[PDB]
Every structure is written in C-alpha cells, then in structure tokens.
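Shown next, in structure tokens, is the structure this report addresses.
No lab work stands behind these numbers, since they all come straight from the coordinates. For neighbour counting, all protein chains shown are included, and Cβ atoms are generated from backbone atoms with ideal geometry for every residue, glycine included.
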Amino acid sequence: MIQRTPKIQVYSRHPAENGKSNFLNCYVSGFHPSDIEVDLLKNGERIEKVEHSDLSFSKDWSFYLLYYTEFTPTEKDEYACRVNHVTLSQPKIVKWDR
Amino acid sequence: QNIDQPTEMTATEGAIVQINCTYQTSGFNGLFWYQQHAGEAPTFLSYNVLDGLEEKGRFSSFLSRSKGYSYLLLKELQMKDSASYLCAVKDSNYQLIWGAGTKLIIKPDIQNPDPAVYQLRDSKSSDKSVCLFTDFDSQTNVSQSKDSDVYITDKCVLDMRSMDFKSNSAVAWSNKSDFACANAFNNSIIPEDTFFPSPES
Amino acid sequence: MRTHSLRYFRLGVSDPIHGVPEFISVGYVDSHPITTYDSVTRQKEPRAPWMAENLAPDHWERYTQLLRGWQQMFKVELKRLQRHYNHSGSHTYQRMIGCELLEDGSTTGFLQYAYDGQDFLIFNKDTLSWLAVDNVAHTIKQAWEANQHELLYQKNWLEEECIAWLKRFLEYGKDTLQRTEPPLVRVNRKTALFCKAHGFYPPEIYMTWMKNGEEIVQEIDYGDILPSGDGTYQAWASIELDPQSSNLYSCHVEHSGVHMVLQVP
Amino acid sequence: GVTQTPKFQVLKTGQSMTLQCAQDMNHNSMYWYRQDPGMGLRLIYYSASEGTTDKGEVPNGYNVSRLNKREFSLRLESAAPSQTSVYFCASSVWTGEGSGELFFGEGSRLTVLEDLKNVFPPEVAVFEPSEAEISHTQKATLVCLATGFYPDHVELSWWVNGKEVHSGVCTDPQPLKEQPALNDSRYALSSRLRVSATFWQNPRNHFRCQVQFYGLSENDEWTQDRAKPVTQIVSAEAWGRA
Ligand SMILES: O=C(O)CCNC(=O)c1cc(=O)[nH]c(=O)[nH]1
C-alpha cells in the first residue's frame with residue numbers, strides 16, 4: 001500500500017514588505033490518505049485565527065489544502081507551518097523563507 | 001418537459017408497425033420502452049441512449065438524440081403483441097418522464113370468413129335474448145347500440161388453439177319484446193353475405 | 001474561450017477515524033470547487049457563489065437525493081474491493097468523472113477509479129471498455145462490461161450531458177472563469193536567478209529561462225503554481241549562475257496569449 | 001418479483017387504506033406510481049434505499065413507509081375521489097443507475113366513492129349455443145353475460161368439468177357502460193367460450209362461468225334496503241346437450 005507524504009510550501013500572498021499587511025500561506029499537497037493536521041507558527045507558537053480551504057482533490061488521487069492567516073511581517077517575527085501525517089514520524093515544520 | 005406518442009395504432013397480423021415517441025426534455029440519460037398488457041404489469045423492452053438501431057427478436061428500437069425521437073419497431077405482428085407500449089425518458093436529474101402510451105390493436109388474419117348472426121338459447125334464469133355476430137373478417141367494425149335498451153359489445157378475437165382457428169365476434173342483448181337478432185346489429189355496416197338463420201316457429 | 005473542464009470526485013474510506021466522513025464528493029469547474037457533499041452533512045451544497053446564485057433549491061434537493069444513493073453504492077463497491085483484496089484496516093476508494101471543452105471546440109471525457117490512491121479502473125469511452133490494473137479490478141471489469149447499457153449511458157453522459165453542464169456553469173461563472181489577470185513578473189537573485197510571477201488568473205502559466213537564446217530545461221528548477229488566497233496565483237522558475245562565465249539570461253513568461261521577456265543585464 | 005396487494009379495493013371518501021408491496025429481488029429502490037387514462041405514469045413517492053423515503057411528482061394525499069429492504073407500503077390517510085386510479089409499485093437495483101430498468105408489480109385498482117349506495121355485484125347468466133351455429137360451422141359458442149355491476153372490479157372465468165379454461169375464450173377487454181351518459185353508470189361484460197360441436201354434444205360435459213366481484217367488507221357501513229354488496233363470486237352453468 002502506497003502512502004504519499006505531503007509537500008509543504010510557505011509563502012506570502014503578496015511580496016512581503018515589513019510593516020505592510022499580508023497573508024501567510026501554507027499549501028499542503030500531494031499527500032494520501034486524506035487525514036492531516038496543519039498549524040501555522042509565530043515564533044514557534046501556534047496562531048489561533050487560522051483559516052483553511054476545504055480538502056481538495058487532484059486528478060492523481062492525492063489531496064491538497066491551503067491554510068492561511070492575516071499578518072504583518074516584521075524583522076523579528078519568524079513564521080512556520082507544522083504538518084502531521086501518517087507518513088511522518090513526528091510533525092514536520094517548514095519555516096517561511098523570504 | 002414533454003413526451004409524445006400516438007394514442008392508438010391498428011395494424012394487421014403478420015405485418016409491421018412502428019411506434020413513435022418524441023421527447024423534449026431538459027437533458028437526456030436514455031430512453032426506455034415498456035410493454036403493458038391490459039390489466040398487467042408493464043415490463044421492460046429496451047433502453048437506448050446512443051444513436052442508432054438495436055434489435056431484440058421481433059422488436060427493434062431506434063434512437064436519434066438530435067431529432068429527439070425513438071421508435072419501437074414490431075415485425076411479423078402476432079395477436080399477443082396487442083398491448084400498450086410506454087415510452088419513458090430519463091432527464092438531466094435522472095427523473096423518468098413517462099409518455100401516455102400507445103395502445104396497439106392487431107387485426108387477425110381471418111382466412112375463411114363466414115359472417116353470421118346467431119340467436120343463442122334463452123336462459124331460464126334470465127329475461128334477456130342474446131345474439132352473436134361472429135366469423136366476420138377483421139375489416140368489419142361493430143357499432144354501439146342506438147337503442148338504450150339494447151346492449152352491444154365490441155368485437156373480440158377468440159383463439160381455438162387445438163384447431164389453430166381464430167374468429168371475431170360481438171354480442172348483443174336486450175329484454176325488449178321487439179328485439180330480434182335479425183335487427184340487433186342494424187346500426188353496423190355488416191358484410192353483404194352475412195348469414196341470418198331463420199328463426200324458429 | 002480558453003480550455004475548460006468539469007469534474008466530479010468521490011472519496012470513500014472503509015474504516016474512518018471518528019471525525020472523518022466515510023464518503024465525500026466534490027465538483028470542480030477548472031480549479032474552482034463548485035459543489036460539495038459528504039456523509040456527515042448528507043446535503044449537496046454549492047461551493048461557488050455563482051452556482052448558488054443560478055441553481056434554485058429544487059436542484060440541490062434533487063442532487064442531494066442522488067448523492068445519498070451514490071454514497072450507498074460507493075460503500076457497497078468498496079466493501080467488495082477490500083474483501084477481494086483480502087485487506088484488513090482502512091482503505092480508500094476514489095472516483096473521478098468529467099469532461100473538457102477545448103479552445104478549438106473539440107471535447108474529451110474521462111472516468112476512472114482508484115484504490116488506496118492508485119489507479120484501479122480506467123474507462124475508454126471510444127472502445128467502450130474498462131482497463132483493469134490487477135486481477136481484482138479485472139473481476140469488476142468483467143461484471144461492468146457485462147452491463148453494456150450502463151457503459152453506453154456513461155459514454156453519453158461524458159460526451160453530451162457533461163459538456164452541456166460545463167457550458168451552463170461556464171456562463172453562470174463567466175465573470176470569474178473567463179476573466180484574465182496578467183502576471184506581475186520580476187527577477188531576483190538568491191547564486192541563482194529567480195523569475196517570480198504573481199497576481200495572475202487563470203492559473204495556467206508557462207515560465208522558463210533562456211541562456212543566450214536557447215532553453216536548457218535540464219538546468220531549470222520549476223516552482224509549482226500556487227494559490228495566493230485571493231483568487232490569483234503565483235509561480236517561479238530558477239537557474240543557477242555560472243560563476244566563471246557570464247551569459248545573457250532571460251526569463252520568458254507566457255500567459256493567456258501574451259508573451260513576456262525579462263532580459264537580465 | 002414484485003408482489004403488491006390488494007388487487008382491487010372500493011373506498012368511501014374519507015376512508016383510510018394501505019397498499020402493500022414486496023420485492024424478493026434484493027433490489028434497494030422501490031417506487032409507487034399512479035396510472036390514469038390519457039396520461040403517463042406519475043410517481044408518488046419512492047425509497048432509494050432501506051431506511052429512506054422521498055417525495056415524487058404527486059405526493060399530496062399519500063404517505064409511505066419502507067418497512068424492511070423487501071417492503072414498501074403506500075397509505076391513503078383520507079381517500080378522495082381524485083385518488084381513484086390504478087397504483088403500481090416498482091423496484092430497481094439502484095435508483096441512481098443510469099440505464100437501470102424498473103420491475104413492476106401487478107397493479108392495485110382503487111375506486112373512491114362519495115357513498116357506497118351505487119355499488120352492485122354482477123348478475124351472471126349463461127346462454128347455450130345456437131343450433132344453427134352448430135350445423136353451419138360444427139362449432140358451438142356459449143355466451144356469459146355479467147351485467148349491472150359497479151365499480152368495474154370483476155374477474156370472469158370459465159370452468160369446464162371443474163377446471164378453468166382459457167383456450168377458446170374471449171372476454172371483452174373493456175366493460176360496457178349500461179348508461180353511457182352517466183358518470184356512475186353500472187357496467188356489463190360479455191365473454192364467449194367456443195368449443196367443437198362434438199365437445200358440446202357430450203351430455204356429461206359441464207360448463208360454468210364465474211365472476212369474482214370485489215366489493216364491500218365487514219367494516220363498510222351499509223344502510224340500503226337491498227343486500228349489502230360484499231365481495232363475492234356469482235356464477236351460472238350449462239350442461240352439454242346430446
Ligand atoms: O457519474 C455519473 O454517472 C453522472 C454524473 N455524476 C454527477 O452528476 C455527480 C455529481 C456530484 O456531485 N458528484 C459525483 O460524483 N457525480
């Protein structure tokens with residue numbers, strides 16, 4: 001039985017400029033089966049007001065999801081996306097690189 | 001949404017009949033034909049959903065999606081083909097839309113017509129006198145009574161299987177004193193050669 | 001019109017965790033979710049405003065009933081598959097059906113099934129046959145191909161009904177689906193050159209790097225087309241700089257019939 | 001296949017009735033239709049699966065219950081004249097199969113009346129063959145007349161020497177209205193049985209026409225002077241003639 005581990009991409013909706021309001025995205029895709037847990041992290045801490053799309057279906061039978069939150073980036077604030085899946089021994093954390 | 005088929009069709013034993021069904025529906029997921037003998041369950045005959053002709057024994061069914069019409073073709077008609085034929089179309093919501101049905105009447109091939117009007121024997125338990133018009137060819141039509149105290153039934157086809165013999169007949173009856181088999185069927189156009197046996201003394 | 005597609009997915013899960021629905025079905029026009037249904041809500045609902053705006057409650061009622069029955073059929077099929085695979089535990093069953101209306105007016109149509117996320121049965125609507133990937137699929141293929149009317153029903157749905165629905169939804173969603181938002185494109189360097197595009201709709205876009213007027217696809221890292229969350233998309237492509245020799249690099253972006261070149265000085 | 005009951009039922013306006021339907025085909029989906037002259041079948045209610053029902057095109061005045069996987073009953077809470085019809089139960093493997101055909105029950109003829117005052121059983125008489133027919137054709141046609149009944153809820157059969165026969169029989173497909181102008185007209189029905197002259201000329205050959213009439217039951221109120229028109233068999237006989 002083949003299980004597929006999620007690809008995790010973290011990026012801003014618009015090109016990030018410190019001080020200007022934006023949206024932080026975590027796009028989780030190509031995974032199978034469908035159960036997944038996704039958290040966005042600000043300085044290693046879970047953000048509370050996190051939105052996400054309904055589970056979506058790709059023609060290759062894998063699934064994808066978009067998690068996002070409104071934020072204003074600064075120099076000191078470090079952001080990350082934390083994903084757990086049956087294919088992962090421990091939560092995988094991907095930092096926002098800009 | 002609308003399905004249309006003719007109310008009735010009449011053809012001769014041994015010939016061919018084409019029963020038409022046109023439909024205007026919102027979407028199309030196939031056309032069904034069912035046969036329904038009088039008093040009996042409809043039974044599935046055919047399903048068409050791509051264009052063309054599909055055969056099944058003596059029955060063929062044709063479909064044209066662009067013209068929105070189908071026909072059911074019956075070859076080598078037999079008396080057992082007498083029945084109503086129902087068309088139905090599944091629309092875009094998978095709802096079956098039913099046409100009103102086509103009643104198919106089959107005229108038997110009467111090989112040795114011997115038209116006659118016979119007087120049956122009175123029943124000691126009934127005040128009725130009974131006349132039988134029988135053995136006429138299927139071109140003859142039997143007309144309803146024009147006297148409200150005279151009852152006349154339509155022609156019926158009977159099959160004596162052991163003799164392989166079919167005959168038409170109709171019955172007229174009345175308790176009126178002036179009723180006579182000689183005049184019972186005067187309102188019908190009956191064969192010129194119809195036999196009227198002399199009444200008893 | 002650009003190319004457009006309509007597709008419906010089903011997902012069934014044989015032994016779901018407490019929260020998870022055992023059955024989900026979602027429809028899409030292009031990348032846009034248009035309909036949803038699952039075994040928790042047991043209701044079919046719009047996922048796009050211009051679907052709810054243009055289909056009256058009677059439509060959602062009827063399709064809700066259809067989906068309740070398709071859900072039971074899906075469970076019965078999965079139970080059969082897993083019993084024949086002699087598999088224990090939780091396994092998934094998936095279906096996808098749909099059609100495309102291409103720019104030239106030609107059409108395609110497709111129908112296929114997966115088990116545990118891997119192809120299982122693939123319909124060929126031109127030869128009216130099912131392609132089986134293993135001998136469990138092969139048993140199903142034989143049973144399904146013995147019901148010739150249902151194969152014909154599927155071909156008519158793919159070729160005629162699906163295309164009519166797609167054209168109807170395309171009109172409903174015209175202001176969303178038929179619009180164009182051009183890409184904003186820039187080149188930066190992180191030593192690699194990154195060509196970055198954002199703000200664009202539809203998501204289809206082609207980005208590449210040329211080196212002195214020739215394209216070396218082996219040297220190019222292609223980023224995914226990603227949703228930005230506001231209905232537009234972003235993408236990127238990168239090449240690594242030769243530190244010993246300079247070269248004339250240029251990013252090339254094609255989007256919705258407009259081509260763009262960013263020559264790197 | 002699909003078994004539904006009753007075959008016939010007369011009802012008074014306001015009475016309640018339950019039609020029963022079973023299928024032994026392990027089908028999931030069951031349906032109730034009505035069939036009325038001059039129009040296509042109209043769906044009343046259906047049941048896509050065990051444990052669900054849903055409305056059809058004309059559900060007003062009716063209710064259903066899917067008892068088990070096999071059974072699906074139709075109930076009329078308050079019978080109305082417009083509910084006079086022939087009801088058909090059907091089933092199919094799955095409602096949601098595109099090409100799936102329906103399997104129908106035999107039909108249930110319901111007649112709903114404002115009062116049972118015009119319900120009559122048939123009088124039944126048998127008429128022996130014309131001797132002129134016998135000498136002209138070497139065949140002999142008996143006639144059975146079932147007259148004055150209402151509603152049209154009858155089944156006529158012929159019995160020869162204690163066995164029911166169908167060969168040589170023709171029974172009118174449609175009853176004759178005895179007063180064609182009236183809406184409540186009583187009906188007549190004719191049937192013929194034709195045998196060879198030799199069979200008719202055997203003096204121990206025995207001929208009987210029987211008419212099962214479907215009428216009132218014990219619970220139906222009766223206030224008329226004439227006899228209560230219950231469900232009953234009425235018959236008449238003839239013996240062969242040497
Ligand atoms: O599949 C067919 O035979 C016909 C097309 N199917 C649908 O209309 C459909 C709607 C939906 O919401 N989900 C799904 O899977 N299918």
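For the reader, a short list of remarks on this structure follows.
- Hey, B:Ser60 more than 17 Å from the chain's Cα centre (by Cα) and surrounded by fewer than 20 Cβ atoms within 10 Å (Cβ to Cβ) or not: yes
- D:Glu106, sole failed condition from (1) of a type in the set (D, E, K, R); (2) more than 30 Å from D:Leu216 (Cα to Cα); (3) touching a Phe, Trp or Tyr at 6+ places or on another chain (Cβ under 9 Å): (2)
- A count restricted to segment C:31-55 and to residues that are under 18 Å from the mean Cα position of the chain (by Cα) and either within 10 Å of another protein chain (Cβ to nearest Cβ) or among the small types (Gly, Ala, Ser) (or both) stands at 5.
- Count - residues of segment C:31-42 that are in contact with a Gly (Cβ under 8 Å, 6 or more places away or on another chain), within 12 Å of the ligand (Cβ to nearest atom) and not hydrophobic (A, V, I, L, M, F, W, C): 3
- Any chance A:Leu24 is closer than 22 Å to A:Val86 by Cα and either facing chain C (nearest Cβ under 10 Å) or surrounded by 15 or more Cβ atoms within 10 Å (Cβ to Cβ) (or both): no
- For segment A:1-21, residues that are in a loop (DSSP other than H, G, I, E, B), over 24 Å from A:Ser89 (Cβ atoms) and facing chain C (nearest Cβ under 9 Å) total 3.
- Criterion: within 12 Å of chain D (Cβ to nearest Cβ), closer than 30 Å to D:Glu123 by Cβ and among the hydrophobic types (A, V, I, L, M, F, W, C) - qualifying residue of B:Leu96, B:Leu120, B:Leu50, B:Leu45: B:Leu120
- Among the residues of segment D:90-106, the one identified as more than 8 Å from every other protein chain (Cβ to nearest Cβ) and of a type in the set (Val, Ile, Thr) is D:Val93.
- Hits in segment C:16-30 (condition: within 15 Å of A:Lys59 (Cβ to Cβ), at the interface with another protein chain (Cβ under 9 Å from one of its Cβ atoms) and more than 9 Å from the ligand (Cβ to nearest atom)): C:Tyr28
- Considering segment C:1-15, and only residues there that are at the interface with another protein chain (Cβ under 10 Å from one of its Cβ atoms) and of a type in the set (A, V, I, L, M, F, W, C), the residue that is farthest from the chain's Cα centre (by Cα) turns out to be C:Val13.
- Scanning segment B:5-24 for residues that are surrounded by 15 or more Cβ atoms within 10 Å (Cβ to Cβ) and charged (D, E, K, R) yields a single hit, B:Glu13.
- Counting only strands (runs of 3 or more DSSP E) that fall entirely inside segment D:134-242 and contain at least 2 residues that are within 28 Å of B:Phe196 (Cβ to Cβ), the qualifying elements are D:139-149, D:169-171, D:187-196, D:206-213, D:232-239.
- Residue among D:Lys117, D:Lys177 that is more than 14 Å from chain C (Cβ to nearest Cβ) and in contact with a strand residue (DSSP E or B) (Cβ under 7 Å, 6 or more places away or on another chain): D:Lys177
- Residue match in segment B:89-101 (condition: outside any strand (DSSP E or B), among the β-branched types (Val, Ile, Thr) and over 15 Å from the mean Cα position of the chain (by Cα)): no
- Neighbours by Cβ (under 7 Å, 6+ apart or cross-chain): first from segment B:154-165, over 30 Å from D:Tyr187 (Cβ atoms); second surrounded by fewer than 19 Cβ atoms within 10 Å (Cβ to Cβ): B:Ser162/D:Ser167
- Scanning segment B:153-201 for residues that are at the interface with chain D (Cβ under 8 Å from one of its Cβ atoms) and surrounded by 20 or more Cβ atoms within 10 Å (Cβ to Cβ) yields B:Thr153, B:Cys156, B:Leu158, B:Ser167, B:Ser169, B:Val171, B:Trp173.
- Consider segment C:64-84 and keep the residues that are away from chain D (no Cβ under 11 Å) and buried (at least 18 other Cβ atoms within 10 Å of the Cβ). The one that is nearest to the ligand (Cβ to nearest atom) is C:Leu78.
- C:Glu45 fulfils the conditions (1) away from the ligand (no atom under 13 Å from the Cβ); (2) farther than 27 Å from C:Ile140 by Cβ except for a single criterion, (1).
- Given (1) over 29 Å from B:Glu40 (Cβ atoms); (2) assigned to a strand (DSSP E or B), index of the condition B:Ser148 fails: (2)
- Any hit, segment D:85-96, residues being of a type in the set (A, V, I, L, M) and touching a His at 6+ places or on another chain (Cβ under 6 Å): yes
- Residues that are away from chain B (no Cβ under 11 Å) and crowded, with 21+ Cβ neighbours inside 10 Å do occur in segment D:184-206.
- Residues in segment C:5-15 that are within 16 Å of the ligand (Cβ to nearest atom) and either more than 15 Å from A:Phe63 (Cα to Cα) or not aliphatic (A, V, I, L, M) (or both): C:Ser5, C:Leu6, C:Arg7, C:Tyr8, C:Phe9, C:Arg10, C:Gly12.
A quick yes/no check of all residues on (1) within 21 Å of B:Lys166 (Cα to Cα); (2) of a type in the set (S, T, N, Q); (3) surrounded by fewer than 20 Cβ atoms within 10 Å (Cβ to Cβ):
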| residue | (1), (2), (3) |
| --- | --- |
| D:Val169 | yes, no, no |
| D:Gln179 | no, yes, yes |
| D:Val211 | no, no, no |
| D:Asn219 | no, yes, yes |
| D:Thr223 | no, yes, yes |
| D:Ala227 | no, no, yes |
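- Identity of the residue in segment C:104-127, surrounded by 19 or more Cβ atoms within 10 Å (Cβ to Cβ) and more than 16 Å from the ligand (Cβ to nearest atom), that ends up nearest to the chain's Cα centre (by Cα): C:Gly117
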